[PDB]
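Listed next as structure tokens is one chain, alone, in the form deposited in one PDB entry.
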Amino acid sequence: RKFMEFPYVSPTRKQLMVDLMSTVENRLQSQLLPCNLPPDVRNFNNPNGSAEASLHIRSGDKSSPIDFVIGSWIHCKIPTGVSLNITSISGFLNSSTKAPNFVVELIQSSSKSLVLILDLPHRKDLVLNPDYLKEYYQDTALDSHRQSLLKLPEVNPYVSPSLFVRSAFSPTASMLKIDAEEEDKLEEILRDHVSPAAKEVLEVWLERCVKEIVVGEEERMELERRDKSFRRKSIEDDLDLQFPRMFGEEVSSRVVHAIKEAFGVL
């Protein structure tokens, strides 16, 4: 299984991703459809041999609160020596449910410096819905992970170039930049702090978001328009310019269309 090999990243980074995906796949095994991506979407590369990638999408079934779950690793050798590695898993719920989504993402281009994003993005306006802030974020101590990771001297806040991106993450989101010195210290951070944190945030999404009133009429619609506004804008700003470049045009066309199709975006 080429996806699950995570071939360009460190053993701990790999292990974190394998464990996260198995847990999701095993735990949602009754609700997930078999993955459906054509062989040339599950894996692809830039024809010139300098970018390669892998995608794993499982849609939820008809009575399931899951829309889909997606994992990916991207490797892209930058011409200016440095080499970018992205690994991410994201869980998306549908409007039969108001609960938060899941995101974890590790982005790296230095050997001892790495961006972590780990969150449970909200699907309701948190200022209109203090009750929602309370059940999903306060009563949850989701914040203790952010603060704890922050206590490390190698860890600083990461703030997205995109205003849209800052605004779509929850108030407890861990958006962190790690770096120091030896890469052995990085590995120790990954292994001793980032994995436990990621695994636990996944447990809360699985136990508290997925497993669950019953969502009425006008609330169901609000969720659809908000969710589809998010995906639509999130794709255009990150996919359409990055993939064309990284991968070249014909392959970007194929994958973006499949990603768009998985996401529900026209």
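Each residue number is its position in the shown sequence, starting from 1. Only residues modelled in both forms are compared. If you superpose the two forms and keep the largest set of C-alpha atoms that fall within 1.5 Å, you have the rigid core.
Exercise. Using what the record says, work out whether there is a hole in the model between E52 and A53 and how many deposited residues it spans (none, 1 to 3, 4 to 9, 10 or more).
Key: Gap between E52 and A53: none.
Practice problem: Using only the Cα atoms and their B-factors as the entry lists them, report which of 98 to 106 and 127 to 135 averages higher. | Solution: That would be 127 to 135.
Exercise. Mind pulling up the entry and telling me whether 234 to 242 or 196 to 204 has the higher mean Cα temperature factor?
Key: The entry gives the higher C-alpha B-factor average to 234 to 242.
Exercise. Can you pull the Cα B-factors for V82, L163, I117, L120 from the entry and say which is highest?
Key: When the deposited C-alpha B-factors of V82, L163, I117, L120 are compared, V82 is largest.
Exercise. Please pick out which of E224, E212, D67, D40 has the largest Cα B-factor as recorded in the entry.
Key: Highest CA B-factor of the listed options: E212.
Practice problem: Pull the Cα B-factor of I86 out of the PDB entry and bin it into the chain's lowest, middle or highest third. | Solution: It belongs to the lowest third of the chain when residues are ordered by C-alpha B-factor.
Quiz item: Which third of the chain does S170 land in by C-alpha B-factor: lowest, middle or highest?
Solution: Bottom third by C-alpha B-factor.
Quiz prompt | For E188, the third of its chain into which the C-alpha B factor falls | solution = Its C-alpha B-factor belongs to the middle third of this chain's values.
Self-check item: Relative C-alpha B-factor of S59, binned into the chain's lowest, middle or highest third
Solution: For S59, whose C-alpha B-factor we compare with every modelled residue in the chain, the answer is the middle third.
Practice problem: Would you mind ranking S111 by its C-alpha B-factor against the rest of the chain and naming the third, lowest, middle or highest? | Solution: It falls in the top third of the chain.
Same protein, other form: the form solved in complex with a small molecule, not shown, and the subject of what follows.
Quiz item: Is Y132 close enough to the small molecule in the deposited bound form to count, meaning some heavy atom within 4.5 Å?
Solution: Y132: no contact with the small molecule in the deposited bound form.
Quiz item: If you check in the deposited bound form, is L186 within 4.5 Å of the small molecule, heavy atoms only?
Solution: Result no; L186 lies far from the small molecule in the deposited bound form.
Quiz item: Does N46 reach the small molecule in the deposited bound form if we count a contact as any heavy atom within 4.5 Å?
Solution: Looking in the deposited bound form, residue contacts with the small molecule do not include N46, since no heavy atom lies within 4.5 Å.
Quiz item: Is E105 close to the small molecule in the deposited bound form, meaning a heavy atom pair under 4.5 Å apart or at it?
Solution: Yes.
Exercise. Tell me, please, which stretch of 216 to 224, 229 to 237, 23 to 31, 58 to 66 lies within 4.5 angstroms of the small molecule in the deposited bound form when heavy atoms are compared?
Key: Going through the listed ranges, the match is 229 to 237.
Exercise. Could you check which residue among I178, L93, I74, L190 gets a heavy atom within 4.5 Å of the small molecule in the deposited bound form?
Key: Selected option: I74.
Quiz item: Looking at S113, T140, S160, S83, which is the one with a non-hydrogen atom within 4.5 Å of the small molecule in the deposited bound form?
Solution: Among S113, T140, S160, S83, a heavy atom within 4.5 Å of the small molecule in the deposited bound form occurs only for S160.
Quiz prompt | Displaced residue between this form and the one not shown, judged on C-alpha after the rigid core is fitted, out of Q138, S162, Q147, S111 (threshold 2 Å or more) | solution = None of the others reach 2 Å, which leaves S111.
Quiz item: Which consecutive stretches of at least 3 residues differ between this form and the one not shown by 2 Å or more at every CA, rigid core held fixed, listed in sequence order?
Solution: After superposing the rigid core, the only shifted stretch between this form and the one not shown is 109 to 112.
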